[PDB]
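Beneath this line is the structure, given in structure tokens, with notes to follow.
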Amino acid sequence: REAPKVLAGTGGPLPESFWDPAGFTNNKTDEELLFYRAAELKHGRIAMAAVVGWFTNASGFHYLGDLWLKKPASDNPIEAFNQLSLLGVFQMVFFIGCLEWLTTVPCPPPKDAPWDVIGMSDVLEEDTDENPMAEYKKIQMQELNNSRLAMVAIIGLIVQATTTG
Amino acid sequence: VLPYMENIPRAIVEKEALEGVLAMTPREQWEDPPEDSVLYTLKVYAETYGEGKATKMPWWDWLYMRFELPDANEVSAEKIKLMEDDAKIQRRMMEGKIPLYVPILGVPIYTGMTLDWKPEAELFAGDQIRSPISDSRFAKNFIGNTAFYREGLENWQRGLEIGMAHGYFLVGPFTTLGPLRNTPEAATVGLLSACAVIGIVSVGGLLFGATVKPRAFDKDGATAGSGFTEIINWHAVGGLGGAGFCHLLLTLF
Amino acid sequence: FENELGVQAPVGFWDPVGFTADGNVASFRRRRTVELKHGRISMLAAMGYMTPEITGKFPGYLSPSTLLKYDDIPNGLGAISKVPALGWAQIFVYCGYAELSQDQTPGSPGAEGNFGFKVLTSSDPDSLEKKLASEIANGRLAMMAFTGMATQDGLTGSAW
Amino acid sequence: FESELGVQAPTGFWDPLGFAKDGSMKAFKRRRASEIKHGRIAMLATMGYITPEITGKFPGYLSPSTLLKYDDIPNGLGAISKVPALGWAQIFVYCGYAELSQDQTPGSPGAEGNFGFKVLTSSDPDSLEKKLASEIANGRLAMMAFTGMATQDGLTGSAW
Amino acid sequence: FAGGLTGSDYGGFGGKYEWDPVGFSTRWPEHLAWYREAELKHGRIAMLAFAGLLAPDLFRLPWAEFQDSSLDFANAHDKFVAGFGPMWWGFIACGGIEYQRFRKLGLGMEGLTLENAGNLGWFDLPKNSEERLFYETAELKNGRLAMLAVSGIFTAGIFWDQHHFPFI
Ligand code: CLA
Ligand code: KC1
Ligand SMILES: CC1=C(/C=C/C(C)=C/C=C/C(C)=C/C=C/C=C(C)/C=C/C=C(C)/C=C/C2=C(C)CCCC2(C)C)C(C)(C)CCC1
């Protein structure tokens, strides 16, 4: 079984390593597979950011919350989050909701690339053979691979904590 | 090739070194290289040395020649010609599409993406250049969906929305960080100051509409600057409304 | 489904109740898969029940943090508890990698049993089929044998 | 859609909150699949409550290692914490395999509730509608009876 | 095109691993057979050295030895080399084996082409092509890996004593 051509060699152990061992790709229209890639990339970007936030919270770089709590916040990111007031947590929820609204109602993502919330596909050309420094597919694969790795890494951090301390 | 670049002994220059020198030198440059070029010194040593010419040279002159001539690898390696060809193709392409670097830690770090810096409509326009901050779909649909540009909005709606935003913002820096900070009426004084700032900037906008008459928002017919003046008046109204709402949310909760 | 593996000297049609439709090509391919897998796992299990008692258990620690010298762990069954959950998790992750590295979805070359472990890498000779048949026969024998050994040490202490 | 198996007789096309206006088909198809599956599970669970009440708790030991005579597990809510987490995992795995079997993907034969039981395949005697509609109506009734039963089990405190 | 020798092959990430940063193959292609012979001999000796780090910890061999502290392998060399003993005999045996290597190659390494480098008589190559390739690449990989490993042991189980299979 080969890639559904809308993903088209965009992941796996190698770039052309269509890996689905569950039939989550078959008999699915291109819009649904684009949705799957958009969800994967959003989950990734969120993870990749969350891992950095975790490691900068677990390394003592926990200002803005050092001041809010008016005392040194916990290095454990879960306990640090629990220390935050509900006002701050709901401000974070509201800001993420506003961001999600931005990329749906006023700034909808491109139809053929829903993961391109910034709409970067309107200013970049493509990877072409005339370009000696063409790396756009390479950086897309870097983003995807670090996304897939951080998606399991952040879960490792979260479930490792709150169950082992 | 040229007669003097034939059967050159390896001592003067390597065969690979000679090939690299020729590759990195323009074809029309031959037969008369400039005094500061590598090919000129290579030519000068190509004669007077080799075949029937002088086959020996003093040690000091040998050191001079070795200092003044390339040594193939790491100086005229095929990778260096590949990099020079890549650089010239890059500079050819940037007249067109430009690779995107970002200055990270003060040094430009290549990202991997190449921009469309060339303007879409007017090639020589200085403000039609394309950047992701100003030409990506997010920018187009973000600035385009703001009250100042959103489609379907009457001028009063744009004014009201911008005013509400400005008024709700302006109450902030006055209630705290002000003369009457640690007072029960800090919120009220901040509200009064925010309303004053909204009124002053609205008078300034009225002044702009009376003098410049921007005409960018006027409907058909009407008068020059009518749309902008309506926008500024409803900005004043919205500023009062947003400032009052911020003061309400401060007094409550 | 005639000339594959199971055919041998004493039997080769042994199926009192299987072949439910006598067809279901996909079912038989899946069944040959489970055959090769269960066979390999049973052989490794029988060796791991066979190498300890004769040529006695390894010398070492197996967990220098928790001091669990290879020998003191009980031979059969009971080892499921004393070996640390860290080591068991590492065993499980090795198994998960070994299964999910090559695609197990039916149709693939790894589906039918070839996992790319070509140690002898028989270059498609006549030896190929006889090696396959020996593997599957010892697999069936090992499945029977390990069920017997698991029953035995479930009813009488250690492996014997 | 106004003629499917759901419309019995006592109520016609009963869609009070208008989930059918501009019938999205695929939406209705998957909602019918959900209705069939929920009804089947509700029938099974209503059995799983009313049969252990009259018929005694299983003669057996449930977990051979942790002393569950089925009598310390009460019938109703609270048995979620009484049945072993491993037993819950295993019943979860059974249901997961039963679904991760033949696909019920949109358009597949599993997407209309058909899976391959065929316990009552009346020989097309104008009765395929009888059994289908009876299953659907009993599914609705069993889901409502289950909701009432769970409310009685929790509200009152135990069982009924 | 490549080094000509087997090398590489059966590499991770698919394809082949032509790894040669300094380019000893391209810069000195005449000594490529010498490099292959050195690599194979070093790998075989390193694998035997790993076996000689492990097995003496277990069995301790017949004859006098049999002691206990004479297995530290940071010490064992000096005893059997002192008194013109077993280490000297092993040196003579290795010299004889490589004299046989000289004779097969033809003295002065006047042979050593890119098929007999390491061939060293003894065991017989499998005539099947894919077997041969997999088995040769297995020897080469095990060789290099044991070279790196045995080096790691002879550094680590020297700075921190250890001197037993855990080495940590
Ligand atoms: C989740 C279960 C479920 C689902 C998916 C459906 C689905 C369907 N039913 Mg159906 N039905 C159900 C339960 C369900 N039913 C029950 C319990 C009864 C008995 C009251 C009925 C009685 C019934 C009749 C009489 C008819 C249908 C029909 C239909 C079809 C069209 C209506 C529609 O779009 O519903 C969409 C699905 C829903 C609206 C389900 C949402 C239920 C909400 C979320 C909860 C309702 C309140 C609930 C009790 C709250 C409990 C507390 C909870 C919050 C914890 C559709 C296939 C019609 C049909 O077959 O036409 C061809 C028809 O005539 N149903
Ligand atoms: C931390 C030090 C380090 C170790 C310890 C290590 C180990 C191995 N490397 Mg590796 N390596 C780097 C460093 C290290 N590598 C770096 C910095 C780079 C970027 C230049 C790099 C690249 C490649 C490539 C391209 C290949 C490769 C190989 C193997 C291999 C063979 C396994 C097998 O084939 O038997 C082993 C054991 C091949 C392979 O893919 O292995 C998966 C191969 O083709 N490596
Ligand atoms: C943070 C952040 C950000 C953002 C920022 C901003 C921009 C903010 C703002 C905010 C705001 C700025 C908000 C606002 C709001 C407002 C409001 C909320 C208002 C309201 C009002 C009202 C409601 C009014 C009413 C009225 C009227 C209309 C008139 C009459 C009177 C009354 C009162 C009735 C970004 C993304 C950059 C990035 C980083 C992060």
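Here's how to read the names in the structure tokens: chain A, B, ... by the order shown, residue numbers from 1 in each chain, ligand numbers from 1 in the order shown.
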Within 12 Å of chain C: residues of chain E, using only C-alpha atoms, as a list in words
residues 10, 54, 55, 57, 58, 126, 127, 128, 129, 130, 131, 132, 133, 134, 135, 136, 137, 138, 164, 165, 166, 167 and 168 of chain E
Return as a tab-separated table (two decimals) with N, CA, C and O atoms, in the first residue's frame every polymer residue, whether protein, DNA or RNA, with at least one atom no more than 6 Å from an atom of ligand 2; count only C-alpha atoms and all ligand atoms.
```tsv
chain	number	residue	atom	x	y	z
E	11	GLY	N	23.64	-1.70	5.42
E	11	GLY	CA	23.74	-0.62	6.36
E	11	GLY	C	22.38	-0.12	6.82
E	11	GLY	O	21.39	-0.22	6.11
E	12	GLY	N	22.37	0.44	8.03
E	12	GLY	CA	21.16	1.05	8.55
E	12	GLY	C	20.72	2.22	7.68
E	12	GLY	O	21.45	2.73	6.84
E	13	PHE	N	19.47	2.62	7.90
E	13	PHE	CA	18.82	3.68	7.13
E	13	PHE	C	18.69	3.30	5.66
E	13	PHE	O	18.43	4.17	4.81
E	16	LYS	N	23.68	2.00	1.40
E	16	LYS	CA	25.03	1.63	1.79
E	16	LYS	C	25.69	2.78	2.53
E	16	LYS	O	25.28	3.94	2.42
E	17	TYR	N	26.72	2.44	3.30
E	17	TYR	CA	27.48	3.41	4.10
E	17	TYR	C	28.92	3.40	3.59
E	17	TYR	O	29.71	2.54	3.98
```
As a quick test: using only C-alpha atoms and all ligand atoms, which residues lie no more than 8 Å away from ligand 3? Give them as a CSV table (one decimal) with C-alpha atoms, in the first residue's frame.
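That gives us selection.csv:
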```csv
chain,number,residue,atom,x,y,z
A,95,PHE,CA,-5.8,33.3,24.2
A,99,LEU,CA,-5.8,32.1,18.2
B,160,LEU,CA,-17.1,51.9,17.1
B,161,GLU,CA,-15.0,48.8,17.1
B,164,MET,CA,-14.0,50.2,22.0
B,165,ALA,CA,-10.6,48.6,21.6
B,166,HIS,CA,-8.7,51.8,22.3
B,167,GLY,CA,-10.9,52.8,25.2
B,168,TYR,CA,-10.6,49.4,26.9
B,169,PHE,CA,-6.9,49.5,26.5
B,237,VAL,CA,-18.1,57.1,20.9
B,238,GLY,CA,-16.6,53.6,21.0
B,239,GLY,CA,-13.7,54.9,23.1
B,240,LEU,CA,-16.1,56.3,25.7
B,241,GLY,CA,-18.0,53.0,25.6
B,242,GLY,CA,-14.9,50.8,26.0
B,243,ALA,CA,-13.5,53.0,28.7
B,244,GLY,CA,-16.8,52.8,30.6
B,245,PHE,CA,-16.8,49.0,30.1
B,246,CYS,CA,-13.3,48.7,31.5
```
Nearby polymer residues, ligand 1, at most 8 Å, only C-alpha atoms and all ligand atoms, as a PyMOL selection string:
chain D and resi 1-8+11-15+17-20+27-36+38-39+137+139-144+147
Restricting it to C-alpha atoms, dump the selection as a PDB file, in the first residue's frame.
```
ATOM      1  CA  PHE D   1     -35.231  10.255   5.227  1.00  0.00           C
ATOM      2  CA  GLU D   2     -38.748   9.194   6.225  1.00  0.00           C
ATOM      3  CA  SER D   3     -39.052   5.445   5.545  1.00  0.00           C
ATOM      4  CA  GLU D   4     -36.146   3.661   7.281  1.00  0.00           C
ATOM      5  CA  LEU D   5     -36.361   0.899   9.896  1.00  0.00           C
ATOM      6  CA  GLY D   6     -36.803   3.337  12.777  1.00  0.00           C
ATOM      7  CA  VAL D   7     -40.348   4.512  12.050  1.00  0.00           C
ATOM      8  CA  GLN D   8     -42.446   1.821  13.736  1.00  0.00           C
ATOM      9  CA  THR D  11     -44.720   7.494  16.671  1.00  0.00           C
ATOM     10  CA  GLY D  12     -43.983   8.316  13.053  1.00  0.00           C
ATOM     11  CA  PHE D  13     -40.807  10.078  12.008  1.00  0.00           C
ATOM     12  CA  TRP D  14     -40.027  11.226  15.555  1.00  0.00           C
ATOM     13  CA  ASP D  15     -37.343  13.902  15.209  1.00  0.00           C
ATOM     14  CA  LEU D  17     -35.343  18.606  17.565  1.00  0.00           C
ATOM     15  CA  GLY D  18     -34.908  18.504  13.787  1.00  0.00           C
ATOM     16  CA  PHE D  19     -31.696  16.541  13.332  1.00  0.00           C
ATOM     17  CA  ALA D  20     -33.020  15.413   9.933  1.00  0.00           C
ATOM     18  CA  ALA D  27     -24.701  12.041   9.238  1.00  0.00           C
ATOM     19  CA  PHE D  28     -27.950  10.068   9.375  1.00  0.00           C
ATOM     20  CA  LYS D  29     -26.200   6.861   8.292  1.00  0.00           C
ATOM     21  CA  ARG D  30     -23.618   7.078  11.070  1.00  0.00           C
ATOM     22  CA  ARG D  31     -26.260   8.132  13.605  1.00  0.00           C
ATOM     23  CA  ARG D  32     -28.236   5.019  12.654  1.00  0.00           C
ATOM     24  CA  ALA D  33     -25.076   2.945  13.096  1.00  0.00           C
ATOM     25  CA  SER D  34     -24.590   4.526  16.526  1.00  0.00           C
ATOM     26  CA  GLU D  35     -28.236   3.832  17.371  1.00  0.00           C
ATOM     27  CA  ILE D  36     -27.880   0.160  16.414  1.00  0.00           C
ATOM     28  CA  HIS D  38     -25.943   1.598  21.434  1.00  0.00           C
ATOM     29  CA  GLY D  39     -29.150  -0.431  21.397  1.00  0.00           C
ATOM     30  CA  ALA D 137     -37.179  -0.553  18.773  1.00  0.00           C
ATOM     31  CA  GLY D 139     -32.621  -0.909  21.324  1.00  0.00           C
ATOM     32  CA  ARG D 140     -34.394   2.371  22.012  1.00  0.00           C
ATOM     33  CA  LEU D 141     -36.472   0.776  24.762  1.00  0.00           C
ATOM     34  CA  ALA D 142     -33.430  -0.916  26.310  1.00  0.00           C
ATOM     35  CA  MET D 143     -31.415   2.313  26.272  1.00  0.00           C
ATOM     36  CA  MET D 144     -34.252   4.119  28.053  1.00  0.00           C
ATOM     37  CA  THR D 147     -30.980   4.980  31.873  1.00  0.00           C
TER      38      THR D 147
END
```
Set the distance at 12 Å and use only C-alpha atoms: which residues neighbour residue 88 of chain E once local chain neighbours fewer than 6 positions away are removed? I'd like the list as an MDAnalysis selection string.
chainID E and resid 77:82 94:95
Selection above as a file: N, CA and C atoms, as a short mmCIF file (atom, residue, chain, number, x, y, z; two decimals), in the first residue's frame:
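Final file, out_38.cif:
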```cif
data_model
loop_
_atom_site.label_atom_id
_atom_site.label_comp_id
_atom_site.auth_asym_id
_atom_site.auth_seq_id
_atom_site.Cartn_x
_atom_site.Cartn_y
_atom_site.Cartn_z
N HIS E 77 48.90 -9.94 31.40
CA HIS E 77 49.91 -9.94 30.35
C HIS E 77 51.31 -10.13 30.93
N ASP E 78 51.61 -9.44 32.04
CA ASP E 78 52.97 -9.40 32.55
C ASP E 78 53.42 -10.75 33.10
N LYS E 79 52.52 -11.49 33.75
CA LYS E 79 52.90 -12.78 34.31
C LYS E 79 53.32 -13.75 33.22
N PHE E 80 52.48 -13.91 32.20
CA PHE E 80 52.77 -14.87 31.15
C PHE E 80 53.81 -14.37 30.16
N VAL E 81 54.13 -13.08 30.17
CA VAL E 81 55.27 -12.62 29.38
C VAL E 81 56.57 -12.73 30.17
N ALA E 82 56.51 -12.65 31.50
CA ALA E 82 57.71 -12.75 32.31
C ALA E 82 58.22 -14.19 32.33
N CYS E 94 51.79 -16.49 16.56
CA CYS E 94 51.27 -15.45 15.67
C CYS E 94 52.26 -15.14 14.56
N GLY E 95 53.55 -15.09 14.89
CA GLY E 95 54.56 -14.90 13.86
C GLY E 95 54.55 -16.00 12.83
#
```
Contacts of segment 36-48 of chain B at 7 Å or less, counting only C-alpha atoms, minus same-chain residues fewer than 4 places along, as a PyMOL selection string?
chain B and resi 4-5+8+21+53-54+69
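Shortest separation to chain A among D:153, D:107, D:87, D:69 occurs at residue D:107, atoms counted being only C-alpha atoms.
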